[PDB]
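S.K.: My file is work_3.pdb. It has PDB, C-alpha atoms and all ligand atoms:
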```pdb
ATOM      1  CA  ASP W   1     165.025  19.586  20.175
ATOM      2  CA  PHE W   2     166.460  23.119  20.679
ATOM      3  CA  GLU W   3     169.641  23.804  18.878
ATOM      4  CA  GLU W   4     172.627  24.637  20.964
ATOM      5  CA  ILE W   5     172.992  28.375  21.388
ATOM      6  CA  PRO W   6     176.445  30.015  21.353
ATOM      7  CA  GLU W   7     178.184  29.292  24.635
ATOM      8  CA  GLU W   8     178.911  32.979  25.023
ATOM      9  CA  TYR W   9     175.299  33.823  25.928
ATOM     10  CA  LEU W  10     175.174  31.347  28.767
TER
ATOM     11  CA  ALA Q   1     158.331  57.385  17.928
ATOM     12  CA  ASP Q   2     158.435  54.548  15.314
ATOM     13  CA  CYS Q   3     156.643  51.892  17.337
ATOM     14  CA  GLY Q   4     154.154  49.554  15.736
ATOM     15  CA  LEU Q   5     155.405  50.233  12.171
ATOM     16  CA  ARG Q   6     156.900  47.003  10.770
ATOM     17  CA  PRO Q   7     160.033  47.322   8.510
ATOM     18  CA  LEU Q   8     158.821  44.606   6.195
ATOM     19  CA  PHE Q   9     155.230  45.704   6.044
ATOM     20  CA  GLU Q  10     153.973  49.243   6.965
ATOM     21  CA  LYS Q  11     157.285  50.905   6.089
ATOM     22  CA  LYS Q  12     157.090  49.380   2.567
ATOM     23  CA  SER Q  13     153.293  49.677   2.220
ATOM     24  CA  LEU Q  14     152.998  45.933   2.135
ATOM     25  CA  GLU Q  15     150.099  44.168   3.916
ATOM     26  CA  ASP Q  16     150.441  40.768   5.626
ATOM     27  CA  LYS Q  17     148.002  38.005   4.599
ATOM     28  CA  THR Q  18     145.390  38.399   7.320
ATOM     29  CA  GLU Q  19     145.543  41.937   8.727
ATOM     30  CA  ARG Q  20     142.556  42.939   6.552
ATOM     31  CA  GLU Q  21     140.451  40.460   8.675
ATOM     32  CA  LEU Q  22     141.362  42.589  11.678
ATOM     33  CA  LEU Q  23     140.550  45.871   9.973
ATOM     34  CA  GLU Q  24     137.308  44.494   8.604
ATOM     35  CA  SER Q  25     136.055  43.881  12.076
ATOM     36  CA  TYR Q  26     136.699  47.453  13.331
TER
ATOM     37  CA  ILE S   1     148.510  28.379  19.239
ATOM     38  CA  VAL S   2     145.702  25.997  18.307
ATOM     39  CA  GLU S   3     144.209  26.419  14.817
ATOM     40  CA  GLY S   4     146.475  29.240  13.708
ATOM     41  CA  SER S   5     148.891  29.262  10.766
ATOM     42  CA  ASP S   6     152.524  29.921  10.197
ATOM     43  CA  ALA S   7     153.585  33.472  10.559
ATOM     44  CA  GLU S   8     155.199  35.428   7.754
ATOM     45  CA  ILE S   9     158.782  36.586   8.289
ATOM     46  CA  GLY S  10     158.929  39.977   9.937
ATOM     47  CA  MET S  11     155.098  39.867  10.682
ATOM     48  CA  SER S  12     155.550  40.236  14.511
ATOM     49  CA  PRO S  13     158.972  41.849  15.014
ATOM     50  CA  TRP S  14     158.122  42.529  18.671
ATOM     51  CA  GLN S  15     157.638  38.791  19.513
ATOM     52  CA  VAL S  16     160.189  37.667  22.103
ATOM     53  CA  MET S  17     160.928  34.131  23.282
ATOM     54  CA  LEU S  18     161.737  33.638  26.959
ATOM     55  CA  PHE S  19     164.218  30.860  27.076
ATOM     56  CA  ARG S  20     165.427  28.895  30.034
ATOM     57  CA  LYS S  21     169.215  28.260  30.143
ATOM     58  CA  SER S  22     169.142  24.922  32.012
ATOM     59  CA  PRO S  23     167.399  22.875  30.771
ATOM     60  CA  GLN S  24     167.399  24.862  27.502
ATOM     61  CA  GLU S  25     163.615  25.240  26.818
ATOM     62  CA  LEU S  26     160.872  27.700  25.760
ATOM     63  CA  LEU S  27     159.349  29.135  28.879
ATOM     64  CA  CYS S  28     157.014  31.848  27.539
ATOM     65  CA  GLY S  29     156.331  34.458  24.884
ATOM     66  CA  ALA S  30     156.948  38.159  25.618
ATOM     67  CA  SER S  31     157.011  41.415  23.578
ATOM     68  CA  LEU S  32     159.557  44.171  22.926
ATOM     69  CA  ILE S  33     158.183  47.614  23.793
ATOM     70  CA  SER S  34     161.526  49.552  23.560
ATOM     71  CA  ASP S  35     165.211  48.788  22.918
ATOM     72  CA  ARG S  36     165.733  47.889  26.609
ATOM     73  CA  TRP S  37     162.314  46.663  27.862
ATOM     74  CA  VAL S  38     160.354  43.468  27.493
ATOM     75  CA  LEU S  39     156.780  42.833  28.643
ATOM     76  CA  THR S  40     155.384  39.367  29.630
ATOM     77  CA  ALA S  41     152.889  37.764  32.082
ATOM     78  CA  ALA S  42     154.039  37.585  35.769
ATOM     79  CA  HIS S  43     152.976  33.952  35.940
ATOM     80  CA  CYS S  44     155.799  33.193  33.453
ATOM     81  CA  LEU S  45     158.236  34.086  36.205
ATOM     82  CA  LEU S  46     156.420  33.549  39.553
ATOM     83  CA  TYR S  47     153.741  31.014  40.342
ATOM     84  CA  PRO S  48     154.238  29.374  43.818
ATOM     85  CA  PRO S  49     151.503  26.611  43.394
ATOM     86  CA  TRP S  50     153.838  24.969  40.887
ATOM     87  CA  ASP S  51     157.000  26.215  42.676
ATOM     88  CA  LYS S  52     157.960  28.546  39.866
ATOM     89  CA  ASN S  53     160.091  31.519  40.862
ATOM     90  CA  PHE S  54     162.660  32.415  38.142
ATOM     91  CA  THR S  55     165.175  35.200  38.660
ATOM     92  CA  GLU S  56     167.307  37.088  36.089
ATOM     93  CA  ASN S  57     170.151  34.598  35.822
ATOM     94  CA  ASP S  58     167.824  31.768  34.958
ATOM     95  CA  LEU S  59     166.683  33.157  31.684
ATOM     96  CA  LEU S  60     167.560  34.540  28.346
ATOM     97  CA  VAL S  61     165.487  36.737  26.045
ATOM     98  CA  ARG S  62     165.657  35.701  22.278
ATOM     99  CA  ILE S  63     164.454  38.476  19.897
ATOM    100  CA  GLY S  64     163.942  38.386  16.061
ATOM    101  CA  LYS S  65     163.105  34.715  15.914
ATOM    102  CA  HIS S  66     160.941  32.784  13.509
ATOM    103  CA  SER S  67     161.979  29.130  14.063
ATOM    104  CA  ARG S  68     161.048  27.687  17.486
ATOM    105  CA  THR S  69     164.180  25.517  18.011
ATOM    106  CA  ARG S  70     166.900  26.801  15.722
ATOM    107  CA  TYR S  71     169.625  29.258  16.608
ATOM    108  CA  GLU S  72     168.983  31.839  13.877
ATOM    109  CA  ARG S  73     172.526  33.022  13.285
ATOM    110  CA  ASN S  74     172.707  36.589  12.031
ATOM    111  CA  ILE S  75     168.921  37.132  12.486
ATOM    112  CA  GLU S  76     168.045  36.653  16.157
ATOM    113  CA  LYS S  77     169.661  38.453  19.052
ATOM    114  CA  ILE S  78     169.939  36.937  22.524
ATOM    115  CA  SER S  79     169.944  39.083  25.674
ATOM    116  CA  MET S  80     170.545  38.678  29.355
ATOM    117  CA  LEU S  81     168.380  40.392  31.995
ATOM    118  CA  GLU S  82     169.366  43.127  34.271
ATOM    119  CA  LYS S  83     166.230  43.181  36.451
ATOM    120  CA  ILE S  84     162.730  41.718  36.565
ATOM    121  CA  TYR S  85     159.787  43.785  37.837
ATOM    122  CA  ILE S  86     156.609  42.011  38.812
ATOM    123  CA  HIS S  87     153.491  44.101  39.617
ATOM    124  CA  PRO S  88     153.494  44.321  43.492
ATOM    125  CA  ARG S  89     149.787  43.424  43.466
ATOM    126  CA  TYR S  90     149.849  40.434  41.100
ATOM    127  CA  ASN S  91     147.377  37.922  42.530
ATOM    128  CA  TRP S  92     148.751  34.471  42.097
ATOM    129  CA  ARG S  93     146.673  33.153  45.054
ATOM    130  CA  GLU S  94     143.334  33.531  43.400
ATOM    131  CA  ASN S  95     142.660  34.541  39.788
ATOM    132  CA  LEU S  96     146.001  35.906  38.314
ATOM    133  CA  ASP S  97     144.712  39.474  38.492
ATOM    134  CA  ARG S  98     147.390  42.011  37.395
ATOM    135  CA  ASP S  99     149.341  39.259  35.616
ATOM    136  CA  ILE S 100     152.158  41.476  34.202
ATOM    137  CA  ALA S 101     155.906  41.861  34.499
ATOM    138  CA  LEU S 102     158.609  44.023  32.841
ATOM    139  CA  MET S 103     162.129  42.838  32.079
ATOM    140  CA  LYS S 104     165.022  45.264  31.842
ATOM    141  CA  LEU S 105     167.567  44.043  29.242
ATOM    142  CA  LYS S 106     171.251  44.223  29.985
ATOM    143  CA  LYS S 107     172.069  46.260  26.854
ATOM    144  CA  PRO S 108     169.868  47.901  24.160
ATOM    145  CA  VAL S 109     169.008  45.592  21.243
ATOM    146  CA  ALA S 110     169.511  47.044  17.844
ATOM    147  CA  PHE S 111     166.400  47.145  15.694
ATOM    148  CA  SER S 112     166.352  45.517  12.276
ATOM    149  CA  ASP S 113     163.898  44.107   9.786
ATOM    150  CA  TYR S 114     163.006  41.351  12.194
ATOM    151  CA  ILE S 115     163.248  43.290  15.528
ATOM    152  CA  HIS S 116     161.045  46.278  16.220
ATOM    153  CA  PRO S 117     158.933  47.394  19.276
ATOM    154  CA  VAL S 118     155.141  47.364  19.439
ATOM    155  CA  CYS S 119     153.308  50.420  20.793
ATOM    156  CA  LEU S 120     151.524  50.567  24.131
ATOM    157  CA  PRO S 121     147.979  51.977  23.917
ATOM    158  CA  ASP S 122     146.777  55.238  25.244
ATOM    159  CA  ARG S 123     143.297  55.774  26.620
ATOM    160  CA  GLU S 124     141.823  56.876  23.297
ATOM    161  CA  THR S 125     143.312  53.905  21.421
ATOM    162  CA  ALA S 126     142.035  51.471  24.079
ATOM    163  CA  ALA S 127     138.587  53.081  24.073
ATOM    164  CA  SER S 128     138.264  52.927  20.291
ATOM    165  CA  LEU S 129     139.537  49.347  19.861
ATOM    166  CA  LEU S 130     138.776  47.166  22.820
ATOM    167  CA  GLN S 131     135.224  46.525  21.819
ATOM    168  CA  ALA S 132     133.330  43.219  21.643
ATOM    169  CA  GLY S 133     133.548  41.704  18.157
ATOM    170  CA  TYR S 134     136.767  43.491  17.203
ATOM    171  CA  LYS S 135     139.638  41.125  16.354
ATOM    172  CA  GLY S 136     143.132  41.103  17.697
ATOM    173  CA  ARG S 137     146.036  38.758  16.963
ATOM    174  CA  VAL S 138     147.890  36.350  19.255
ATOM    175  CA  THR S 139     151.247  34.839  18.313
ATOM    176  CA  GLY S 140     153.503  32.183  19.872
ATOM    177  CA  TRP S 141     155.552  29.016  19.705
ATOM    178  CA  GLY S 142     153.304  27.122  22.095
ATOM    179  CA  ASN S 143     151.401  23.964  21.740
ATOM    180  CA  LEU S 144     149.342  23.263  18.742
ATOM    181  CA  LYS S 145     146.946  21.091  20.754
ATOM    182  CA  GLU S 146     145.793  20.824  24.295
ATOM    183  CA  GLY S 147     152.724  18.734  18.847
ATOM    184  CA  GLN S 148     154.794  21.941  18.919
ATOM    185  CA  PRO S 149     155.242  23.994  15.626
ATOM    186  CA  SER S 150     158.523  24.494  13.750
ATOM    187  CA  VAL S 151     157.834  28.237  13.295
ATOM    188  CA  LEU S 152     155.895  31.048  15.049
ATOM    189  CA  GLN S 153     152.126  30.604  14.809
ATOM    190  CA  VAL S 154     149.532  33.355  14.530
ATOM    191  CA  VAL S 155     145.704  33.456  15.000
ATOM    192  CA  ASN S 156     143.147  36.318  14.838
ATOM    193  CA  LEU S 157     140.543  36.235  17.612
ATOM    194  CA  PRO S 158     137.476  38.425  18.461
ATOM    195  CA  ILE S 159     137.167  40.200  21.832
ATOM    196  CA  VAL S 160     134.173  38.819  23.779
ATOM    197  CA  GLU S 161     131.475  40.592  25.850
ATOM    198  CA  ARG S 162     132.349  40.735  29.558
ATOM    199  CA  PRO S 163     128.987  38.977  30.582
ATOM    200  CA  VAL S 164     129.812  36.013  28.287
ATOM    201  CA  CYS S 165     133.395  35.960  29.633
ATOM    202  CA  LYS S 166     132.064  35.955  33.210
ATOM    203  CA  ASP S 167     129.510  33.226  32.513
ATOM    204  CA  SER S 168     132.062  30.792  31.100
ATOM    205  CA  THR S 169     134.107  30.245  34.258
ATOM    206  CA  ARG S 170     133.874  30.024  38.049
ATOM    207  CA  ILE S 171     137.022  32.124  38.488
ATOM    208  CA  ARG S 172     136.527  35.747  39.436
ATOM    209  CA  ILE S 173     137.109  38.133  36.460
ATOM    210  CA  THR S 174     138.353  41.610  37.198
ATOM    211  CA  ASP S 175     138.593  44.837  35.186
ATOM    212  CA  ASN S 176     142.288  44.123  34.599
ATOM    213  CA  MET S 177     141.340  41.233  32.318
ATOM    214  CA  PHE S 178     139.424  40.833  29.048
ATOM    215  CA  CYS S 179     138.575  37.590  27.207
ATOM    216  CA  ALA S 180     138.740  36.656  23.552
ATOM    217  CA  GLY S 181     137.786  33.776  21.325
ATOM    218  CA  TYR S 182     135.054  32.571  19.042
ATOM    219  CA  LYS S 183     131.682  31.497  20.435
ATOM    220  CA  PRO S 184     130.839  27.723  20.074
ATOM    221  CA  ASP S 185     128.386  28.504  17.274
ATOM    222  CA  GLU S 186     130.564  30.889  15.209
ATOM    223  CA  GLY S 187     132.201  28.192  13.115
ATOM    224  CA  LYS S 188     135.692  29.644  13.310
ATOM    225  CA  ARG S 189     137.987  28.681  16.193
ATOM    226  CA  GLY S 190     141.502  29.182  17.592
ATOM    227  CA  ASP S 191     143.233  29.906  20.936
ATOM    228  CA  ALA S 192     146.583  30.290  22.710
ATOM    229  CA  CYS S 193     147.853  27.122  24.405
ATOM    230  CA  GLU S 194     150.699  26.111  26.730
ATOM    231  CA  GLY S 195     154.022  27.888  25.959
ATOM    232  CA  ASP S 196     152.116  30.934  24.550
ATOM    233  CA  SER S 197     151.925  32.483  28.042
ATOM    234  CA  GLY S 198     153.193  36.041  28.250
ATOM    235  CA  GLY S 199     152.799  36.685  24.523
ATOM    236  CA  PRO S 200     151.141  39.722  22.858
ATOM    237  CA  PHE S 201     147.497  40.216  21.860
ATOM    238  CA  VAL S 202     147.835  43.070  19.353
ATOM    239  CA  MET S 203     145.526  45.162  17.214
ATOM    240  CA  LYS S 204     146.253  47.483  14.313
ATOM    241  CA  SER S 205     144.850  51.012  14.674
ATOM    242  CA  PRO S 206     142.807  52.068  11.618
ATOM    243  CA  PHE S 207     143.518  55.748  12.520
ATOM    244  CA  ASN S 208     147.322  55.759  12.384
ATOM    245  CA  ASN S 209     148.313  52.324  11.017
ATOM    246  CA  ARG S 210     150.273  51.186  14.081
ATOM    247  CA  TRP S 211     150.157  47.974  16.015
ATOM    248  CA  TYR S 212     149.277  48.309  19.674
ATOM    249  CA  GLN S 213     149.611  45.664  22.367
ATOM    250  CA  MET S 214     146.195  45.492  24.020
ATOM    251  CA  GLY S 215     146.733  42.235  26.024
ATOM    252  CA  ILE S 216     149.081  39.578  27.412
ATOM    253  CA  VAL S 217     148.138  35.815  27.161
ATOM    254  CA  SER S 218     147.280  35.109  30.802
ATOM    255  CA  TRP S 219     144.979  32.159  31.535
ATOM    256  CA  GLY S 220     142.247  29.896  30.351
ATOM    257  CA  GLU S 221     140.955  26.425  30.923
ATOM    258  CA  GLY S 222     142.313  24.128  28.323
ATOM    259  CA  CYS S 223     142.984  25.238  24.749
ATOM    260  CA  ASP S 224     140.295  25.836  22.215
ATOM    261  CA  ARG S 225     137.578  24.171  24.302
ATOM    262  CA  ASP S 226     134.007  25.017  23.247
ATOM    263  CA  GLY S 227     132.314  27.515  25.465
ATOM    264  CA  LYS S 228     135.623  28.559  27.042
ATOM    265  CA  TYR S 229     137.642  31.701  26.232
ATOM    266  CA  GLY S 230     141.178  32.950  26.547
ATOM    267  CA  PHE S 231     141.762  35.530  29.243
ATOM    268  CA  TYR S 232     144.249  38.335  28.744
ATOM    269  CA  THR S 233     145.912  40.940  30.962
ATOM    270  CA  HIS S 234     144.367  44.372  30.043
ATOM    271  CA  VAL S 235     147.544  46.301  29.247
ATOM    272  CA  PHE S 236     146.083  49.870  29.249
ATOM    273  CA  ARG S 237     144.523  49.400  32.732
ATOM    274  CA  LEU S 238     148.001  48.615  34.068
ATOM    275  CA  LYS S 239     149.857  51.256  32.053
ATOM    276  CA  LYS S 240     150.404  53.638  35.004
ATOM    277  CA  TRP S 241     152.475  50.940  36.724
ATOM    278  CA  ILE S 242     154.420  50.351  33.430
ATOM    279  CA  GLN S 243     155.244  54.031  32.991
ATOM    280  CA  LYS S 244     156.062  54.313  36.689
ATOM    281  CA  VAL S 245     158.553  51.416  36.517
ATOM    282  CA  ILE S 246     160.250  52.458  33.252
ATOM    283  CA  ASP S 247     160.771  56.076  34.307
ATOM    284  CA  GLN S 248     161.751  55.102  37.842
ATOM    285  CA  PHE S 249     164.279  52.540  36.519
ATOM    286  CA  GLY S 250     165.617  53.211  32.958
TER
HETATM  287  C1  LIG L 301     145.093  25.940  33.111
HETATM  288  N1  LIG L 301     144.123  26.747  33.876
HETATM  289  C2  LIG L 301     144.599  27.699  34.883
HETATM  290  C3  LIG L 301     143.362  28.412  35.514
HETATM  291  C4  LIG L 301     143.642  29.462  36.570
HETATM  292  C5  LIG L 301     143.422  30.788  36.267
HETATM  293  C6  LIG L 301     143.727  31.736  37.202
HETATM  294  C7  LIG L 301     144.224  31.361  38.433
HETATM  295  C8  LIG L 301     144.431  30.032  38.732
HETATM  296  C9  LIG L 301     144.125  29.073  37.797
HETATM  297  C10 LIG L 301     145.548  28.723  34.265
HETATM  298  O1  LIG L 301     145.186  29.280  33.218
HETATM  299  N2  LIG L 301     146.707  29.033  34.852
HETATM  300  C11 LIG L 301     147.235  28.411  36.067
HETATM  301  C12 LIG L 301     148.341  29.354  36.474
HETATM  302  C13 LIG L 301     148.916  29.833  35.176
HETATM  303  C14 LIG L 301     147.739  29.873  34.239
HETATM  304  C15 LIG L 301     148.113  29.300  32.867
HETATM  305  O2  LIG L 301     148.389  28.101  32.791
HETATM  306  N3  LIG L 301     148.100  30.083  31.772
HETATM  307  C16 LIG L 301     148.483  29.597  30.445
HETATM  308  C17 LIG L 301     147.340  29.602  29.499
HETATM  309  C18 LIG L 301     147.902  29.469  28.097
HETATM  310  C19 LIG L 301     146.733  29.446  27.130
HETATM  311  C20 LIG L 301     145.751  28.291  27.438
HETATM  312  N4  LIG L 301     144.623  28.333  26.554
HETATM  313  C21 LIG L 301     145.231  28.457  28.836
HETATM  314  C22 LIG L 301     146.349  28.493  29.849
END
```
Could I get this structure in the form of structure tokens?

M.R.:
Amino acid sequence: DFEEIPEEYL
Amino acid sequence: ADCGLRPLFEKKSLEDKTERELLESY
Amino acid sequence: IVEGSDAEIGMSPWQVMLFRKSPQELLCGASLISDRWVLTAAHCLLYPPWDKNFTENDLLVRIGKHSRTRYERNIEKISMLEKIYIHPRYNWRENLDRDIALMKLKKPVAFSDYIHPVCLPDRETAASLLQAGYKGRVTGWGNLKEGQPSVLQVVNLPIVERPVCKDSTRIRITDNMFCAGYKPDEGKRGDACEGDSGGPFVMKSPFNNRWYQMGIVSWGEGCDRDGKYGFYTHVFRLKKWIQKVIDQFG
């Protein structure tokens, strides 16, 4: 159930 | 230099709810 | 953390979450000891029995967090790793002796109300505080039972006599380890549990008011079992390697 982190950090 | 001093606690002279339990055992 | 309670905001500003990118999941706890360096347990990154061997691109460091699953916009800061350093003598084959690893962040994190490094003990600090009966504090987002919490949990736990630690297990204890937890007849209980690996066991010095990281959540058998104790990496005993790595690498 983790919220999506900002794409940028991936 | 400033390690281990919490902005929301030691720097304002505020204690968290259980750190006295720690100090009482020392 | 089993039998702990919800942390207060800003109560452990050094707590770091090690987060896997794919699948997106909490791997381990960790601690911030400077703007560029994070400390965790080596078993969080390398443990061949279970085929674990994570490198830098596999992970993200999330600092300043309170909520386990939410992306705390404008509070937390996420970082990528530049390099991982595992103690060359970490003993994953036998008893997890020297369970410790340093992580070099790609760019300095800026400190704030929710992000601030813990101190590393010196000899005098370790000698005064790492005594049987003295309590330290473990924090983490790990399991509440042997579900998972919505926010960081915290528990205060007494250091235990090395004889009693040795007599509770068949695994070989070394001087690079100490154990902590309440005795089966003390009434109080609490322990770290899965997902708390790599997190900080800290103590507040009564001489200068600072928090020092005395241990790293390393191993145990179960969570909060009676007559069993949590075992921690003794951070001062491995400090010469820490200092050697940070001044040999940045
Ligand atoms: C579950 N037990 C094993 C016991 C062990 C200890 C040393 C060497 C081999 C096996 C363990 O702790 N570990 C196996 C390898 C990794 C480590 C672990 O799971 N540590 C996490 C701890 C979190 C807190 C919990 N109370 C105990 C386990």

S.K.: Expand the PyMOL selection byres (((chain W and resi 10) around 10) and not hetatm) into the individual residues it matches in the shown file, reporting them as a ChimeraX atom specification.

M.R.: /W:5-9 /S:21-22,57-60,78-80

S.K.: Please write out the residues within 8 Å of ligand LIG 301 (chain L) as JSON, numbers by chain, counting only C-alpha atoms and all ligand atoms.

M.R.: {"S": [43, 44, 47, 92, 93, 94, 95, 96, 97, 146, 171, 191, 192, 193, 194, 195, 196, 197, 217, 218, 219, 220, 221, 222, 223, 224, 229, 230, 231]}

S.K.: Counting only C-alpha atoms, select every polymer residue within 10 Å of (161.8, 42.8, 8.2) as defined in the file's coordinates, and provide the selection as a list in words.

M.R.: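 Residues with an atom at most 10 Å from (161.8, 42.8, 8.2): residues 6, 7, 8, 9, 11 and 12 of chain Q; 8, 9, 10, 11, 12, 13, 64, 111, 112, 113, 114, 115 and 116 of chain S.
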
S.K.: Do you know which residues the PyMOL selection byres ((chain Q) within 7 of (chain S)) returns on this file, as a list in words?

M.R.: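 Evaluating the PyMOL selection byres ((chain Q) within 7 of (chain S)) on this file yields residues 3, 4, 5, 6, 7, 8, 16, 22, 23, 25 and 26 of chain Q.
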
S.K.: What does the ChimeraX specification (/W :<7) & /S select in this file, as a PyMOL selection string?

M.R.: chain S and resi 21+69-71

S.K.: Export, as an mmCIF file, in the coordinates of the input, the selected residues with C-alpha atoms.

M.R.:
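Resulting contents of again-v4.cif:
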```cif
data_model
loop_
_atom_site.group_PDB
_atom_site.id
_atom_site.type_symbol
_atom_site.label_atom_id
_atom_site.label_comp_id
_atom_site.auth_asym_id
_atom_site.auth_seq_id
_atom_site.Cartn_x
_atom_site.Cartn_y
_atom_site.Cartn_z
ATOM 1 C CA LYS S 21 169.215 28.260 30.143
ATOM 2 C CA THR S 69 164.180 25.517 18.011
ATOM 3 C CA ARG S 70 166.900 26.801 15.722
ATOM 4 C CA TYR S 71 169.625 29.258 16.608
#
```

S.K.: In Å, with one decimal, what is the gap from atom CA of residue 177 of chain S to atom CA of residue 145 of chain S?

M.R.: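 Between atom CA of residue 177 of chain S and atom CA of residue 145 of chain S the gap is 23.9 Å.
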
S.K.: So what do you get for atom CA of residue 166 of chain S versus atom CA of residue 28 of chain S, distance-wise?

M.R.: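 Distance reported for this atom pair: 25.9 Å.
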
S.K.: Atom CA of residue 46 of chain S and atom CA of residue 159 of chain S are how many Å apart?

M.R.: 27.0 Å

S.K.: Taking only C-alpha atoms into account, name the residue in S:26, S:41, S:238, S:214 that is nearest to residue 121 of chain S.

M.R.: S:214

S.K.: First collect every listed atom of segment 11-22 of chain S; then fit an axis-aligned box around them, widen it by 8 Å on each side, and give centre and edge lengths in Å to one decimal, as JSON.

M.R.:
```
{"center_x": 162.2, "center_y": 33.7, "center_z": 21.3, "size_x": 30.1, "size_y": 33.6, "size_z": 37.3}
```

S.K.: Contacts of residue 200 of chain S at 7 Å or less, counting only C-alpha atoms, minus same-chain residues fewer than 2 places along, as an MDAnalysis selection string?

M.R.: chainID S and resid 30:31 138:139 198 202 213 215:217

S.K.: Skipping near chain neighbours, those fewer than 3 positions away, what residues fall within 7 Å of residue 42 of chain S using only C-alpha atoms, listed as a PyMOL selection string?

M.R.: chain S and resi 45-46+86+99-101

S.K.: Take the point (158.1, 31.0, 16.3) as written in the file and pick out every residue within 6 Å of it, counting only C-alpha atoms; give the list as a PDB file with C-alpha atoms, in the coordinates of the input.

M.R.:
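What follows is the written file out.pdb:
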```pdb
ATOM      1  CA  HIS S  66     160.941  32.784  13.509  1.00  0.00           C
ATOM      2  CA  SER S  67     161.979  29.130  14.063  1.00  0.00           C
ATOM      3  CA  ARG S  68     161.048  27.687  17.486  1.00  0.00           C
ATOM      4  CA  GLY S 140     153.503  32.183  19.872  1.00  0.00           C
ATOM      5  CA  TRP S 141     155.552  29.016  19.705  1.00  0.00           C
ATOM      6  CA  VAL S 151     157.834  28.237  13.295  1.00  0.00           C
ATOM      7  CA  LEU S 152     155.895  31.048  15.049  1.00  0.00           C
TER       8      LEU S 152
END
```

S.K.: Could you please fill out segment 8-24 of chain Q with N, CA and C atoms and send it back as a PDB file, in the frame of the given file?

M.R.:
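File written: rebuild27.pdb
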```pdb
ATOM      1  N   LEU Q   8     159.160  45.335   7.387  1.00  0.00           N
ATOM      2  CA  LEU Q   8     158.821  44.606   6.195  1.00  0.00           C
ATOM      3  C   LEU Q   8     157.410  44.771   5.736  1.00  0.00           C
ATOM      4  N   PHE Q   9     156.597  45.538   6.484  1.00  0.00           N
ATOM      5  CA  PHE Q   9     155.230  45.704   6.044  1.00  0.00           C
ATOM      6  C   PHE Q   9     154.809  47.171   5.955  1.00  0.00           C
ATOM      7  N   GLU Q  10     154.454  47.867   7.048  1.00  0.00           N
ATOM      8  CA  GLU Q  10     153.973  49.243   6.965  1.00  0.00           C
ATOM      9  C   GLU Q  10     154.978  50.179   6.336  1.00  0.00           C
ATOM     10  N   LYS Q  11     156.269  50.011   6.639  1.00  0.00           N
ATOM     11  CA  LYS Q  11     157.285  50.905   6.089  1.00  0.00           C
ATOM     12  C   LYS Q  11     157.443  50.712   4.590  1.00  0.00           C
ATOM     13  N   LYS Q  12     157.038  49.588   4.015  1.00  0.00           N
ATOM     14  CA  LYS Q  12     157.090  49.380   2.567  1.00  0.00           C
ATOM     15  C   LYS Q  12     155.701  49.403   1.950  1.00  0.00           C
ATOM     16  N   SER Q  13     154.653  49.684   2.729  1.00  0.00           N
ATOM     17  CA  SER Q  13     153.293  49.677   2.220  1.00  0.00           C
ATOM     18  C   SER Q  13     152.909  48.293   1.689  1.00  0.00           C
ATOM     19  N   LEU Q  14     153.366  47.288   2.445  1.00  0.00           N
ATOM     20  CA  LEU Q  14     152.998  45.933   2.135  1.00  0.00           C
ATOM     21  C   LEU Q  14     152.046  45.439   3.230  1.00  0.00           C
ATOM     22  N   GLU Q  15     150.975  44.749   2.913  1.00  0.00           N
ATOM     23  CA  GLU Q  15     150.099  44.168   3.916  1.00  0.00           C
ATOM     24  C   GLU Q  15     150.402  42.700   4.164  1.00  0.00           C
ATOM     25  N   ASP Q  16     150.350  42.206   5.400  1.00  0.00           N
ATOM     26  CA  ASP Q  16     150.441  40.768   5.626  1.00  0.00           C
ATOM     27  C   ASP Q  16     149.152  40.052   5.197  1.00  0.00           C
ATOM     28  N   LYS Q  17     149.149  38.731   5.094  1.00  0.00           N
ATOM     29  CA  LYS Q  17     148.002  38.005   4.599  1.00  0.00           C
ATOM     30  C   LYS Q  17     146.727  38.032   5.397  1.00  0.00           C
ATOM     31  N   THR Q  18     146.680  38.409   6.676  1.00  0.00           N
ATOM     32  CA  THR Q  18     145.390  38.399   7.320  1.00  0.00           C
ATOM     33  C   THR Q  18     145.088  39.699   8.007  1.00  0.00           C
ATOM     34  N   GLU Q  19     145.886  40.763   7.939  1.00  0.00           N
ATOM     35  CA  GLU Q  19     145.543  41.937   8.727  1.00  0.00           C
ATOM     36  C   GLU Q  19     144.256  42.622   8.262  1.00  0.00           C
ATOM     37  N   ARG Q  20     143.833  42.443   7.006  1.00  0.00           N
ATOM     38  CA  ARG Q  20     142.556  42.939   6.552  1.00  0.00           C
ATOM     39  C   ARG Q  20     141.414  42.321   7.359  1.00  0.00           C
ATOM     40  N   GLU Q  21     141.484  41.072   7.838  1.00  0.00           N
ATOM     41  CA  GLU Q  21     140.451  40.460   8.675  1.00  0.00           C
ATOM     42  C   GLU Q  21     140.278  41.272   9.949  1.00  0.00           C
ATOM     43  N   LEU Q  22     141.387  41.740  10.510  1.00  0.00           N
ATOM     44  CA  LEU Q  22     141.362  42.589  11.678  1.00  0.00           C
ATOM     45  C   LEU Q  22     140.669  43.888  11.335  1.00  0.00           C
ATOM     46  N   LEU Q  23     141.107  44.557  10.252  1.00  0.00           N
ATOM     47  CA  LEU Q  23     140.550  45.871   9.973  1.00  0.00           C
ATOM     48  C   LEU Q  23     139.093  45.768   9.577  1.00  0.00           C
ATOM     49  N   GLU Q  24     138.699  44.672   8.936  1.00  0.00           N
ATOM     50  CA  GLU Q  24     137.308  44.494   8.604  1.00  0.00           C
ATOM     51  C   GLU Q  24     136.419  44.327   9.806  1.00  0.00           C
TER      52      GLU Q  24
END
```
